[PDB]
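Undergrad: Read in order, the letters of the sequence shown are residues 109 to 173, 187 to 230, 235 to 291, 316 to 335, 339 to 365, 368 to 398, 415 to 445, 452 to 479, 482 to 497, 504 to 507, 510 to 516, 521 to 918, 928 to 1026 in full-length UniProt numbering.
Before anything else, here's the structure in question.
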Amino acid sequence: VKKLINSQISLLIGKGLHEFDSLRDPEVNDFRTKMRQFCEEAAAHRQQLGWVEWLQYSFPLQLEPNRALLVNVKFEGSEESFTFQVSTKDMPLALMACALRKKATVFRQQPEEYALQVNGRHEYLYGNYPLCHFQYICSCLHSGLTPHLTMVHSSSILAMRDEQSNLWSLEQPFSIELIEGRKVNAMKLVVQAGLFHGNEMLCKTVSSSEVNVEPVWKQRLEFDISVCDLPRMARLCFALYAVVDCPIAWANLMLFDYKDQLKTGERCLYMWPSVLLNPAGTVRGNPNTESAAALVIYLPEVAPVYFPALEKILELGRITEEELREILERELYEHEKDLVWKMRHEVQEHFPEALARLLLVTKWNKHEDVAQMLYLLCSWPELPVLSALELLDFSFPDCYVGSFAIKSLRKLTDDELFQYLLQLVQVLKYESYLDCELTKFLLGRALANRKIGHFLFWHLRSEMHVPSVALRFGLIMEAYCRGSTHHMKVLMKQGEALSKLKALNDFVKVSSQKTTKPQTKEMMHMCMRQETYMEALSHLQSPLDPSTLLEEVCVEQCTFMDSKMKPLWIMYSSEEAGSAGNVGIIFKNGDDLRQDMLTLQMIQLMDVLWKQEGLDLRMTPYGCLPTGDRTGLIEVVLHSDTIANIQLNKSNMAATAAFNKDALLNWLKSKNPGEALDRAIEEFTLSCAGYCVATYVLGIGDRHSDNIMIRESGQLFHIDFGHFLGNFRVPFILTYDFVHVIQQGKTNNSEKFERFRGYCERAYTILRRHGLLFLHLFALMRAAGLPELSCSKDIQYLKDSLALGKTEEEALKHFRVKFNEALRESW
Ligand SMILES: Cc1csc2cc([C@H](C)Nc3ncnc(N)c3C#N)c(-c3cccc(CN(C)C)c3)c(=O)n12
C-alpha cells in the first residue's frame, strides 16, 4: 500500500509526511511533486537495466587510485570450493574460466555470464581490470590473506534486480516599510537591514530609528540601489539588536520568489537567535513560531513583475596591456579590476579558467553589467572539476553561475563524486530555493549509484535534529525514497539497529555509574540477548559501508569503554564470509562526530593523492559516520592497540622490556617474529610519515599516546580527532619512541631516519600540488557550521601549512626547518 510507504518514510526520515502538507507552502508542494516524478523516472530506468548495468548500480567497482596469487572460488549453489593459482595481472574473466573448467570436471559436463562476489560482502569483481587493481585483492596481498570469491550467474543478479522493484522599467530606489517587532531583551532596539549578493553588499547598510524595549516602527527604509538593478539572487538581511552591543536575532529573505516573481507585500519574519548581519544564514524563517522573535515588514506594490527571462538578458548582454592582464590572473586593486572587466571577452576566449576572477570583478548591483556577464557565461566553455568546485562557493551566489558549476560537475566520476559528497551536501545549506540544480544533480547521481544513495541519505538524516535544514533535508530524503522503495526498507533496518544501540547505550551509562564494569557488561549482554535486540541488531548493511554486511551480533565480544561517553564496542560474525565477516562497529552518543569524519575524509583524500603519485604510506582510512543528534558510528580496526597501552610495559608479556623506549619495538617483534619484523618496521615508518604530514597540514593538536594506535602489521593511525587547524599554529611533531622504531632500535641510524624524512618530504610536496583542492573543499565545508571552521583565519591555516604562496624550493626549505625543529624537540 501507498499509505504503508508514507508511514515507512515518516519513520525513516524522522519527520511525519503530514507535517509537509500542514505548511500550506506552494514551494514545498511543487518540490514534492516535481522531485517525486524525477525520482520515479530514475526508478523506472533502473528496473530495466541489464544485469551488468545492475551490478554497476548496486555494487560499483572498488578500484585502487607479474606475481603469483592463490584465490579460493566457489559457486553460489554449492558448499564445495577450489583454490586456484592465478597472476595479479590476470583479469576476473580468466579466473571465472578456470572456475567453470574445474566445475566441468566435477559435474562431468560461459565466463561472460558471471560476476565474482567477495564472500560475505555486497562487493563484486568484474570488468577488464587486472586482479591487483581491485581494492579487495590489493588488501588481501598486503595482509597475506587468501581472496575468497563466489561465482554468481546473471540470472541470480537479475533475480536481485526484480525483487528490489518499486523589471528594467522600475528605476525607483528599493525600499521597505518596517512595521513592528516581537519578544524580550534588556536599552533600545535597532533593526539593521542590508541588501546582499552572497557575502558582498549591493549598497550601504541602512538602520531604522531607536525605539525602547512588541516594538512598533512603521518606518520607511530606503536603500541606495534601483529596483531594476536588483540581481536575481538578491537577499534582504536583517539584524535585531539592543543598544545603550547586544545581539538578539537575525532574518533573511530572497527578494524574488521561487517562480521569479518580485515579492509583495506584507511579510512576517520569524527570526533566528544570534551567537551583526548574517548573509550566509538560511532565507527560511525559524519554524519555532511560538518562542521566536518576529519582524513584520512591507514590500511595496511596484505595480506583477518577474525577473527578465534568459532570452531578454542575452539580447541586452549581446551589446601591450595584455601582459599585465596575464600576470594578475595567477585580493586586487581597483584599476586591475577595471582591466579584467574591459577585457572580459579576451578572458572568455583565451583564459576561460579565470571565470571566477571575472565573476568577482563584475558589478552585481548594476543590471547592464550582469547581463553583459551572463552573455559571456552562456557561451563559456565547460571548466575542469577543480574550477567548478570553486564556483559552488557562496562567493558565487548567482543562479546561472550555480547552474554552470553543476554542468561542469556532471563529468565527476562516481569515485570523485563520493570523495566530495560531504562538501556538496554542505553546499545545500547555502541554497536559496528548494528546487535547485544541486539537489536534482545529487538525487540523480544517488539513484544511479546505490553507494552514493546510502551516504547522501546518512549525510541528510544525521542533520534532521537541526531546525534550519530539517525541512530541506527531509524533503530530499522523501524524494530519494520515492526513487527506491527497496533501499528505504534497507535503511529502515539500519535505523532500527541504531534506535536499539541508543537505548542500550543509555542503559550502560546509567548502570556504569552504579556498579563495576564486569557487572554492567553482563547486564549489557542480558539486554542484547532479548529477542527484539537480537533481531534489530543482526542482519543489516553497515551505515559505515553498505558493502559491509553485519550478520550475527556476537554478544560475548560486545563491551563498552568505561570512560567519557561510555561508547559501545559491537562485534559481528558471518559464516558466509569466514574471517572477513568478523567486523566491529563503535557506537558513540554524546559527541558531535562531524569534525572527526571531516578530518578522516581529508586524510583519506591525502592517501588517494599520494597513491596517484605511486606513494603508498600504508594509511588506515577507517570509517566514521554521524547518524543522528551527537550520535555516530566508528569502524573498528581489529588487531590494534593504543600506544599508551603498549607503553604501560606490563610484566609477563612478550613485549616486556629493559627500557621503556623498547616496549613498542618489542611489541612489534612479538607480533612479527623472524623475517616478518623488517616488513613491520617499514609499515610503521611509512604510516608514521603519512600521519606526521597529515597532522601538520591539518593542524591537528592534543596528540598523546592514548589517541594514537598501532596495528599488528606495524601501521600506525590516529583516533579521537577533537581539534584541527590550530584551534586549541601547531608545529611539526616527532616522537622519540617512534624515531626509535624507525631507527630499528639503534641510537644512531641516519640511513633509516633520513629515508623517513624523504617519505615526509615527498608526501608534503604531493599535497602542495593539490593545495587548491584542499582550499576549495574546506571553503565549501564552512557551510557546515563547525566551530573550528567558521572564518578566513581557519582557511589561512591551510595556506600557511601548505605554503601555497611560496615556490616548491622555498616551501621545501621552510618545511625542512620545521622538521629539524621537531627533531631537536624530540628529547
Ligand atoms: C570498548 C571500546 C569502546 S569504544 C573503544 C575504542 C577503543 C580504541 C581506543 N579506539 C578504536 N579502536 C579500534 N578501532 C577504532 N577505529 C578505534 C577508534 N576510534 C578501544 C580499544 C581498542 C584496543 C585497545 C584499547 C586499549 N585498552 C585495552 C586499554 C582500547 C575499545 O576497547 N573501545
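Positions of the beta carbon are idealized from the N, C-alpha and C atoms, including for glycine.
Looking at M796: is its Cβ nearer than 9 angstroms to the Cβ of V883?
TA: Yes, the pair counts as a contact, with Cβ atoms nearer than the cut-off.
Undergrad: Take every Cβ of the stretch 739-758, pair it with every Cβ of the stretch 772-783, and state whether three or more of those distances are shorter than 8 angstroms.
TA: Yes: at least three Cβ pairs fall under 8 angstroms.
Undergrad: Just confirm the distance between the C-beta atoms of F1018 and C959, as a whole number of angstroms; I'd bet it's less than 8 angstroms.
TA: Confirmed, Cβ separation roughly 7 angstroms.
Undergrad: Taking a contact to mean a Cβ-Cβ separation below 9 angstroms, would you say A220 touches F205 in this structure?
TA: Closer than 9 angstroms, so yes.
Undergrad: So which residues touch the region around ligand 1, with touch meaning a C-beta under 5 angstroms from any heavy atom?
TA: Selection output, chain order preserved: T749, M751, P757, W759, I776, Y812, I824, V826, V827, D831, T832, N835 and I909.
Undergrad: Let's test the definition: count the other Cβ atoms within 10 Å of the Cβ of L131 and tell me whether it reaches 16, buried, or not, exposed.
TA: By the 10 Å Cβ count, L131 comes out exposed.
Undergrad: Could you give the uninterrupted runs of the beta strand (DSSP E) lying entirely in the stretch 825-896, keeping only those of 3 residues or more?
TA: Runs of the beta strand (DSSP E) inside the stretch 825-896: 830-832.
Undergrad: Relative to the C-alpha of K356, which candidate in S380, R229, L727 and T885 has its C-alpha closest?
TA: For the residues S380, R229, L727 and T885, the minimum Cα distance to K356 belongs to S380.
Undergrad: Quick one, which of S991, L966 and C416 has its alpha-carbon nearest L453's?
TA: Among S991, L966 and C416, the Cα nearest to that of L453 is on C416.
Undergrad: Taking its Cβ as the centre, do 16 or more other Cβ atoms sit within 10 Å of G245, making it buried, or is it exposed?
TA: Under this definition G245 is a buried residue.
Undergrad: According to the Cβ coordinates, are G673 and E627 closer than 9 angstroms?
TA: Cβ distance not < 9 angstroms, so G673 and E627 don't count as in contact.
Undergrad: Taking all protein chains shown into account, decide if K778 is buried (16 or more other Cβ within 10 angstroms of its Cβ) or exposed.
TA: Result: buried.
Undergrad: Between which two residues does the alpha helix (DSSP H) carrying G664 extend?
TA: Start and end: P657 to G673.
Undergrad: Per DSSP, what kind of secondary structure is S769 in: helix, strand or coil?
TA: Strand, per DSSP.
Undergrad: Under three-state DSSP, which class holds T817?
TA: The answer is strand: DSSP assigns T817 an E or B state.
Undergrad: Please classify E825: is it buried, with 16 or more other beta-carbons within 10 angstroms of its beta-carbon, or exposed?
TA: Its Cβ being crowded by 16 or more others within 10 Å, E825 is buried.
Undergrad: If I follow the unbroken alpha helix (DSSP H) through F914, where does it start and stop?
TA: No alpha helix (DSSP H) holds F914; DSSP gives it neither H nor E.
Undergrad: Pull up the CB-CB distance for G891 and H908, whole angstroms please, since I reckon it's below 8 angstroms.
TA: Going by Cβ atoms, the distance from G891 to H908 rounds to 12 angstroms, so no, they are not a contact pair.
Undergrad: What did DSSP end up calling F228 once you bin it into helix, strand or coil?
TA: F228: coil per DSSP, three-state reduction.
Undergrad: Keeping to the same chain, check which residues put their C-beta closer than 6 angstroms to that of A726; ignore five residues upstream and five downstream.
TA: If we look at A726 and ignore the five residues flanking it on each side, its Cβ neighbours are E686, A687 and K690.
Undergrad: Am I right that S1000 and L933 are in contact with their C-beta atoms under 8 angstroms? What's the rounded C-beta distance?
TA: Not really, about 16 angstroms apart at Cβ, beyond 8 angstroms.
Undergrad: Under the rule that 16 or more other beta-carbon atoms within 10 Å means buried, what is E653, buried or exposed?
TA: Classification for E653: buried.
Undergrad: Can you give me the C-alpha to C-alpha distance between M678 and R662, rounded to a whole angstrom?
TA: One C-alpha to the other measures close to 18 angstroms.
Undergrad: Give the DSSP bridge partners of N364, in chain order.
TA: According to DSSP, which records beta bridges pairwise, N364 is partnered with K340.
Undergrad: Would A468 and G457 be called neighbours here (beta carbons separated by less than 9 angstroms)?
TA: Result no, Cβ atoms of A468 and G457 do not sit closer than 9 angstroms.
Undergrad: Could you have a look at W648 and say whether DSSP puts it in helix, strand or coil?
TA: In the structure shown, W648 sits in a helix (DSSP, three-state: H, G or I).
Undergrad: Between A834, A853 and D831, which lies nearest to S841 when the distance is taken from Cα to Cα?
TA: Comparing Cα positions, the closest option is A853.
Undergrad: Taking all protein chains shown into account, do 16 or more other C-beta atoms lie within 10 angstroms of the C-beta of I666, making it buried, or fewer, making it exposed?
TA: Counting Cβ neighbours within 10 Å, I666 comes out buried, since at least 16 surround it.
Undergrad: Across which residues does DSSP place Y254 in a beta bridge pair?
TA: BP columns for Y254 are empty, so no partner.
Undergrad: For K111 and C147, what's the separation of their Cα atoms in angstroms?
TA: So the alpha carbons of these two residues sit roughly 18 angstroms apart.
Undergrad: Would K332 pass as a contact of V363 if the rule is Cβ separation under 9 angstroms?
TA: It is not a contact, given that the beta carbons lie outside the stated cut-off.
Undergrad: Does the beta-carbon of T1006 have 16 or more other beta-carbons within 10 angstroms, so that it is buried, or is it exposed?
TA: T1006 comes out exposed.
Undergrad: Within its chain, find whatever has a CB closer than 6 angstroms to the CB of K210; leave out the 5 residues flanking it on each side and keep chain order.
TA: So the qualifying residues of the chain are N187 and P255.
Undergrad: Could you tell me which uninterrupted beta strand (DSSP E) segments, each at least 3 residues in length, are contained entirely in the stretch 679-743, listed from first to last along the chain?
TA: Within the stretch 679-743, the complete beta strand (DSSP E) runs of at least 3 residues are 730-732 and 735-740.
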